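Peer 1: Dropping the structure in here first, questions after.
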Amino acid sequence: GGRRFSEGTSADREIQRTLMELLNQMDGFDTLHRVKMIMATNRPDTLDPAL
Amino acid sequence: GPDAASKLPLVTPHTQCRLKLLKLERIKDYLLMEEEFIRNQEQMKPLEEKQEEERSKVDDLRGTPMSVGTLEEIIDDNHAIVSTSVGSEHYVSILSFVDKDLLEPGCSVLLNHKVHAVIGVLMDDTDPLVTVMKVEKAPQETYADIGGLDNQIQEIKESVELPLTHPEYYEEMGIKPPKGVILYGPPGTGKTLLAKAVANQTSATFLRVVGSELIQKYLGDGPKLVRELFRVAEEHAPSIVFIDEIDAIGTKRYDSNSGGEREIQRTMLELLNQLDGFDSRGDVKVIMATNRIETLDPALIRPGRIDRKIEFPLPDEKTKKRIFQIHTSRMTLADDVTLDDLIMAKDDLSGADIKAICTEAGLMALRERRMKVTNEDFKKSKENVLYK
Amino acid sequence: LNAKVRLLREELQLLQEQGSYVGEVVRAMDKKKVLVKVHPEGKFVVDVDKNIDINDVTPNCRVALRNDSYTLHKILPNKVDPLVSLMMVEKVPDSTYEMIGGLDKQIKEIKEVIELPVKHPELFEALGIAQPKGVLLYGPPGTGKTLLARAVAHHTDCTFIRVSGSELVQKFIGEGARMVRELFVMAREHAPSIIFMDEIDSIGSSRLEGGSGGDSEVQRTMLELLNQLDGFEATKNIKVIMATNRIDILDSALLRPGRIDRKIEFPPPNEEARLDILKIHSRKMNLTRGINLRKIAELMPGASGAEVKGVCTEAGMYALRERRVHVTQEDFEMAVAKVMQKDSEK
Amino acid sequence: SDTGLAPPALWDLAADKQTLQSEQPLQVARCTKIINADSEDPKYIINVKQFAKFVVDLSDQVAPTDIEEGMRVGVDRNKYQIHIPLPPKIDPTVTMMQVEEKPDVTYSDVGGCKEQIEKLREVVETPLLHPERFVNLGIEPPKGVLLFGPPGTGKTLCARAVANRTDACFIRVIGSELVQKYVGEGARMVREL
Amino acid sequence: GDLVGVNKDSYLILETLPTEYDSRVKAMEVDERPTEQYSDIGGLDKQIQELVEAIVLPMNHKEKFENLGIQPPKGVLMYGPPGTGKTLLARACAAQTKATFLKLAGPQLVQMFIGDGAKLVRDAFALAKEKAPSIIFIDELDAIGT
Amino acid sequence: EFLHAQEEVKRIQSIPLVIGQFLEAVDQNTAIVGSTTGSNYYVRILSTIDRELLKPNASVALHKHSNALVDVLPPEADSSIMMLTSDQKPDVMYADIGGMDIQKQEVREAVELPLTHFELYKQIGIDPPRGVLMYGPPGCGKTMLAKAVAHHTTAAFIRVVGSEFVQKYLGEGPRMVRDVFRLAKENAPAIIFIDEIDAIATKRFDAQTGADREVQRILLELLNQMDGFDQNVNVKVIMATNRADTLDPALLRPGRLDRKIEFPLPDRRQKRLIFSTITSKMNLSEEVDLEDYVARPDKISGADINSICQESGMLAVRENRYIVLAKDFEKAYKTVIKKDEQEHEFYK
Ligand SMILES: Nc1ncnc2c1ncn2[C@@H]1O[C@H](COP(=O)(O)OP(=O)(O)OP(=O)(O)O)[C@@H](O)[C@H]1O
Ligand SMILES: Nc1ncnc2c1ncn2[C@@H]1O[C@H](COP(=O)(O)OP(=O)(O)OP(=O)(O)O)[C@@H](O)[C@H]1O
Ligand SMILES: Nc1ncnc2c1ncn2[C@@H]1O[C@H](COP(=O)(O)OP(=O)(O)OP(=O)(O)O)[C@@H](O)[C@H]1O
Ligand SMILES: Nc1ncnc2c1ncn2[C@@H]1O[C@H](COP(=O)(O)OP(=O)(O)O)[C@@H](O)[C@H]1O
Ligand SMILES: Nc1ncnc2c1ncn2[C@@H]1O[C@H](COP(=O)(O)OP(=O)(O)O)[C@@H](O)[C@H]1O
Ligand SMILES: [Mg+2]
Ligand SMILES: [Mg+2]
Ligand SMILES: [Mg+2]
């Protein structure tokens with residue numbers, strides 16, 4: 001997940017892309033039908049305000 | 001390594017003393033015997049030509065598509081591990097045709113393209129860092145041009161120039177020359193002027209780096225440039241390294257700095273080692289210039305790292321007139337402006353302001369296509385520079 | 001006809017010899033041998049076919065290798081110059097003195113430090129004044145700082161290299177990319193050049209108070225650059241510039257006299273300036289007869305260069321919502337309402 | 001020329017025939033790293049640099065005890081057979097820290113640190129030299145010393161001097177070299193050391 | 001997901017190789033057991049017992065916990081001032097126990113590449129499970145537990 | 001026999017061929033091509049290939065053993081397929097958008113209108129925008145408008161995701177980005193959507209990892225291909241992001257997408273228009289008053305508005321009811337907006 005740093009690190013923009021893919025396949029151009037997701041976290045504040 | 005010229009610079013006679021003649025004739029006799037010594041043996045033993053046969057066989061042993069790779073380690077002589085072009089490591093066999101001396105761990109190696117082995121070393125392209133700070137020659141500023149500062153020119157002459165022109169003085173009293181010089185004064189006093197003056201009448205590779213480039217973007221690429229700076233200086237024989245605006249390694253904060261102050265400090269702790277560490281030093285003299293000598297760690301200035309501290313004050317009235325004369329020397333004035341009247345324009349003019357007046361005066365004469373500056377030009381020049 | 005049949009019959013036997021690699025020759029070597037770097041593959045030292053003279057084999061360029069006994073075959077078309085790539089990523093629009101509005105006094109003051117010292121040396125030495133190196137252009141955003149800087153870099157036949165960080169393009173200038181004084185390594189190779197350095201990193205509305213921030217990596221650039229063009233620099237044909245919205249926030253070093261030779265002024269256009277600015281950008285649409293532009297200028301008190309070139313373009317758009325083919329007076333008048341009147345707040 | 005032209009007299013000393021005698025009989029190998037020693041008798045699992053992870057056994061002359069897991073070893077370029085163990089890889093930046101030339105300063109250019117010098121020799125210049133003295137007693141000599149003081153007091157001189165007489169290998173570290181860009185490899189230089 | 005060997009020229013499965021573990025993870029398994037009896041540690045008597053009854057006893061008397069139906073405790077954190085005997089107990093407990101003693105560290109699970117740290121943690125626990133009763137010691141947990 | 005040599009040279013075509021790419025022609029009978037294996041080869045072109053197809057970077061088939069042009073394939077692509085109605089159309093009308101006229105109009109005047117009334121722009125004199133950025137808060141209705149445009153569009157639509165352009169095979173990303181623009185040119189009226197462009201265009205680029213050197217080429221290829229439009233091919237590009245602050249400035253310059261369409265948090269007016277369009281399809285009851293709900297000072301953009309209606313109706317199914325009463329919405333707002341304690345009234 002994460003908060004999508006500005007001025008992050010070299011091997012941290014890559015994890016950002018993976019979030020932007022898990023992010024887009026949730027609610028994007030092709031609505032996902034009959035697939036429900038459950039997520040858990042002990043710190044639901046570092047999450048990007050898009051997830 | 002070896003020098004092609006200077007076979008025997010024995011100019012001690014410095015005259016028509018016969019001693020010059022005896023040595024010269026000695027080689028002539030040796031040359032005569034060598035002539036028939038080589039050709040004679042070159043007939044009944046036509047195995048190696050040494051001029052066309054020697055080169056020819058090695059080329060066949062070499063390959064037409066000679067490869068380029070990085071030597072990664074030195075296993076026992078005649079054997080080494082060389083990194084292939086892309087990502088592979090090969091336990092190649094070193095051929096004796098190579099000098100076997102330039103095989104530094106990581107420079108370059110030429111390998112055969114089929115049975116890969118060491119065929120020859122390759123000289124390393126001049127890294128862009130060296131060219132960045134390799135000042136060739138100070139364009140125009142001479143040493144009598146500086147003017148004004150007199151007691152302060154002797155210190156720099158006596159620390160970074162005398163030990164290279166007359167070493168005897170620090171050769172008979174057994175005193176090592178003062179290590180470094182730090183120049184400090186108000187903004188604009190000739191600090192850099194004297195800095196580039198020494199580059200003029202010097203015989204050593206001058207390197208210049210401003211304090212602002214010592215602070216970089218990524219962590220660790222800090223006190224690694226400092227290592228590169230002093231690695232280039234050592235590699236280039238005698239050299240004077242000039243660090244300008246040293247008060248930018250903790251006086252100015254930049255967002256590009258991934259690590260904050262804590263990272264900049266480690267740059268200083270590496271610069272501290274490079275000036276006085278338990279490594280050998282060689283011949284490298286550091287000139288540091290700053291406009292705030294009170295804002296830097298008082299260990300970089302500790303005696304031993306930088307020894308002579310030279311203080312640059314605002315120009316004296318008598319020196320102020322000299323500054324105007326030197327800057328206005330090549331100017332066709334209109335025998336109507338008096339230098340002495342403009343000497344007292346503001347309580348303290350740095351001297352860089354003096355050149356600013358004498359340079360904006362010309363721009364104020366170009367606008368009218370006039371090749372003579374009048375009092376009006378200077379009067380409006382003295383107001384457009386040190387007022388707004 | 002007999003030859004044509006023969007040629008086409010040998011093509012089948014000809015279009016089977018292995019193709020040729022395409023590489024770049026970093027530096028020529030001795031004994032008619034060159035050192036080339038091949039496409040996605042390692043470097044190679046390769047012999048040269050006798051048909052090609054070693055003199056033609058020059059620094060970076062595109063060559064060919066046979067298939068397995070690599071040997072230069074032909075000097076292929078030249079590769080794109082690395083600097084031109086920088087001018088393609090950054091897209092400072094090309095501009096000329098004609099599309100300059102209201103700035104006549106400033107145009108005169110810019111040609112005296114970037115045009116005269118370049119196109120006419122031996123005139124600045126007739127007074128003994130050292131050539132000016134660096135001009136600071138200030139003024140509100142959109143007033144025309146970049147539009148004039150390019151013009152003076154277009155009418156003097158000098159390359160216009162813009163340095164603004166943008167580490168995306170931080171590979172066409174220097175592979176190492178350690179210190180800013182590497183652009184010079186390419187600046188001195190491209191004849192007289194002007195190193196523009198823009199500003200305005202969303203400043204004036206953010207970072208007003210303290211906390212993080214600090215300095216500006218568009219200001220530290222000259223302090224490095226100007227420190228070299230003032231002494232330790234051989235080629236005296238390189239000159240630098242800034243555009244900044246504020247001259248009171250410049251460091252205490254860039255304002256010391258002797259560093260910046262001239263400080264040009266770019267104020268928001270006055271009435272006689274807005275009309276001329278509007279005229280230039282209005283000669284691009286099918287304007288109707290008798291469009292009173294003097295009335296349009298009055299209606300926009302305060303518009304640097306973009307609130308004006310936002311009334312001409314939006315005027316055309318307003319002529320499209322109606323499905324018309326001619327731009328009328330109402331369209332321009334209704335344009336100022338949106339760009340200026342409706343957008344005045346915040 | 002300008003590439004590798006060595007003393008021409010040494011080339012014939014190279015015995016070009018032997019070079020040809022060595023540029024054919026001597027097969028060039030490829031570096032690799034062993035991951036497993038699959039049991040049965042041989043069947044060693046191998047991992048070449050960037051080709052694949054093959055399965056190799058031996059050639060004839062490498063004793064099984066000569067090879068162990070995680071050991072650098074060369075392999076054939078055609079059938080991929082282990083032929084010679086290879087040394088472990090030490091980071092070149094960490095291998096340059098070893099001092100090869102002793103600094104030209106001895107334990108007679110530091111003055112006033114009589115007590116400091118004596119206390120710095122029973123932990124770095126006596127446990128190694130004359131190591132039998134402590135054996136005839138139960139003593140593990142102290143291992144480690146911190147030298148602290150105001151700048152320009154002699155912390156480095158007493159260290160540069162110890163390297164002039166020490167018989168054991170001396171390894172440099174500056175404290176800023178151990179700062180590196182990426183997370184991780186700032187401890188590798190402290191593990192490899 | 002299994003590892004299988006394949007013919008080099010005509011790809012075809014010939015054998016099923018044993019599961020592979022990162023070379024780093026295999027070097028953290030102690031083979032030369034340290035020699036430090038419990039009598040070597042002093043003062044920490046109420047704490048040495050508390051550890052032997054949570055990491056060693058539940059490994060030799062499984063018949064006892066299952067008789068009372070209490071799941072054995074998971075994990076033993078050891079904290080205190082700089083030097084008090086934390087690593088002595090761990091080293092000592094690695095001597096009076098006939099079981100694998102996978103010895104982790106602090107800075108070591110940290111690796112530059114993305115996901116390389118996870119490998120050394122998943123592989124450091126799969127290996128212990130792949131073997132008989134094992135104790136995995138994670139010293140200097142600050143570096144990976146901030 | 002000439003007709004016989006012509007029909008005999010075709011043997012060099014054969015079935016097994018490697019698709020390459022055309023880069024530049026050096027002279028007649030020769031050219032420079034780039035093989036998909038990853039390389040640049042100096043090959044010889046067949047004397048029967050119609051040179052009219054030897055366009056700028058395109059699809060050319062090379063002989064397997066010895067690279068040599070032997071054909072010119074029709075334009076194609078790999079990971080970019082035009083949406084062919086069917087079940088792959090967005091299925092969202094413009095009437096389902098909760099009153100974003102000002103934003104809706106802007107996209108219409110910059111994407112849809114130029115494709116239809118191309119000749120009008122030349123007549124008036126305006127230069128049509130060549131790409132619109134869609135930036136704003138997270139959930140203000142950016143993708144939904146694009147979902148609508150793909151529906152009521154008479155031109156082909158090409159959908160991509162920003163993270164799709166970076167793949168394991170080195171050197172494949174630049175080819176994938178190039179195929180999208182090439183395929184969007186064959187069907188001249190088309191719209192190219194690059195969603196979540198934040199993953200392909202970021203200022204920071206550390207040129208040592210190799211994951212950034214592969215993203216330096218994707219972004220550079222995008223820039224190069226967006227400067228190859230000659231004001232005569234109508235291929236509009238729509239690019240939607242969430243954090244515009246991270247975008248490389250070079251991507252927001254004239255010639256590239258220069259039309260910043262802000263999508264801000266709805267104001268009081270718009271908020272009332274969103275509750276009405278969403279609640280139109282719901283059952284709803286007379287006693288429910290929407291005005292009471294769109295009156296608060298809270299800032300709920302577009303999703304918690306749908307979440308409110310979503311959960312509000314969700315409550316109805318709890319007691320098995322097919323109407324939503326005012327008692328249902330009240331219980332929905334307090335579990336969706338969850339206003340923070342931000343206040344500290346002693347400050348005012
Ligand atoms: N005492 C002086 N004598 C001669 N020229 C001077 C003197 N002081 C300043 N100048 C002139 O000032 C000009 C611009 O400032 P200068 O380069 O001298 O600054 P500086 O004293 O080195 O200061 P800083 O460290 O702030 O850059 C120089 O070209 C130099 O000729
Ligand atoms: N006791 C001493 N006798 C002789 N010279 C001394 C003594 N102490 C210091 N010096 C001088 O100090 C210089 C080197 O100082 P050194 O770097 O060792 O000091 P330091 O305080 O340990 O350094 P730092 O804190 O900068 O790392 C030498 O020129 C040496 O002659
Ligand atoms: N005005 C509106 N009318 C109807 N639904 C709306 C409105 N505004 C937002 N929504 C709702 O917002 C949801 C998400 O919108 P959309 O798919 O366009 O994403 P987005 O806001 O652009 O997301 P992101 O910015 O994170 O990419 C949709 O399910 C839609 O129902
Ligand atoms: N005096 C002027 N005459 C015509 N156009 C102008 C003028 N000043 C600014 N512009 C317009 O502004 C644009 C560039 O503005 P720029 O120089 O970047 O503004 P700023 O200097 O505030 O950054 C050009 O497209 C140009 O059309
Ligand atoms: N109770 C004790 N009895 C004997 N030695 C001890 C005792 N406590 C600590 N030590 C000494 O401390 C050292 C181990 O330090 P340790 O406690 O492992 O450090 P840390 O707590 O940082 O891991 C051993 O050399 C040991 O001799
Ligand atoms: Mg998303
Ligand atoms: Mg200075
Ligand atoms: Mg020291």
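Each residue's number is its place along the chain shown, starting with 1.
Backbone N, Cα and C define each Cβ position, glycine as well.
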Peer 1: Out of B:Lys28, B:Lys134, B:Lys196, which one does Swiss-Prot list as ubiquitin cross-link?
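Peer 2: Per Swiss-Prot, the residue annotated as ubiquitin cross-link is B:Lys196.
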Peer 1: Quick one: Cα separation, B:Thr192 (ATP binding site) versus B:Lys217 (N6-acetyllysine), in Å?
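Peer 2: Cα-Cα distance, B:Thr192 (ATP binding site) to B:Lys217 (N6-acetyllysine): 27 Å.
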Peer 1: Starting from the ATP site formed by B:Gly185, B:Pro186, B:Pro187, B:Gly188, B:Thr189, B:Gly190, B:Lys191, B:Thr192, give every other residue of that chain whose CB sits within 8 Å of the mean position of their CB atoms, in sequence order.
Peer 2: B:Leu183, B:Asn291, B:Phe312, B:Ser350, B:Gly351, B:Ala352
Peer 1: Sort the residues of the region 'Disordered' (B:43-63) into helix, strand and coil with DSSP and give the three counts.
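Peer 2: Within the region 'Disordered' (B:43-63) the tally stands at 11 helix, 0 strand, 10 coil.
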Peer 1: Given B:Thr12, B:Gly188, B:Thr189, B:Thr192 as the recorded positions, which ones have a Cβ positioned under 6 Å from some atom of ligand 1?
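Peer 2: If the test is a Cβ under 6 Å from any atom of ligand 1, the answer is B:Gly188, B:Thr189, B:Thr192.
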Peer 1: Is it possible to get the count of other C-beta atoms within 10 angstroms of the C-beta of B:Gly188 (ATP binding site)?
Peer 2: 25
Peer 1: Under 8 Å Cβ-Cβ to anything in chain C: which of these recorded positions pass, B:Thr12, B:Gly185, B:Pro187, B:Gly188, B:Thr192, B:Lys196?
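Peer 2: It is B:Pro187, B:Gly188, B:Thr192, B:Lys196, listed by sequence.
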Peer 1: Considering Cα atoms only, can you say which of B:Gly185, B:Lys191, B:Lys196, B:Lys217 is the nearest neighbour of B:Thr12 (phosphothreonine) among these recorded positions?
Peer 2: B:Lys196
Peer 1: Mind running the recorded positions B:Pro187, B:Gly188, B:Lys191, B:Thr192, B:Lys196, B:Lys217 against ligand 7 and keeping the ones whose CB falls under 6 Å of it?
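Peer 2: By the Cβ criterion, which requires under 6 Å to ligand 7, the hits are B:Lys191, B:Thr192.
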Peer 1: For B:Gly185 (ATP binding site) and B:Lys196 (ubiquitin cross-link), determine the Cα separation and express it in whole Å.
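Peer 2: Between the Cα atoms of B:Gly185 (ATP binding site) and B:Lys196 (ubiquitin cross-link), the distance comes to 17 Å.
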Peer 1: If we count other C-beta atoms within 10 Å, could you say which of the recorded positions B:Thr12, B:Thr189, B:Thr192 has the fewest?
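Peer 2: Counting other Cβ atoms within 10 Å of each of the recorded positions B:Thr12, B:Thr189, B:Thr192, the minimum falls on B:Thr12.
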Peer 1: When you rank B:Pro186, B:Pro187, B:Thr189, B:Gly190 by Cα distance to B:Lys217 (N6-acetyllysine), which of the binding-site residues ends up on top as the closest?
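Peer 2: Sorting the binding-site residues by distance from B:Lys217 (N6-acetyllysine), the top entry is B:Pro187.
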Peer 1: Could you measure between B:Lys196 (ubiquitin cross-link) and B:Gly190 (ATP binding site) for me? Cα positions, answer in whole angstrom.
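Peer 2: One finds 10 Å between the Cα atoms of these residues.
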Peer 1: Under 8 Å Cβ-Cβ from B:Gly190 (ATP binding site), six or more apart in the same chain: what's there?
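Peer 2: B:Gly190 (ATP binding site) has long-range Cβ partners B:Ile146, B:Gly148, B:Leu149, B:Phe312, B:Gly351.
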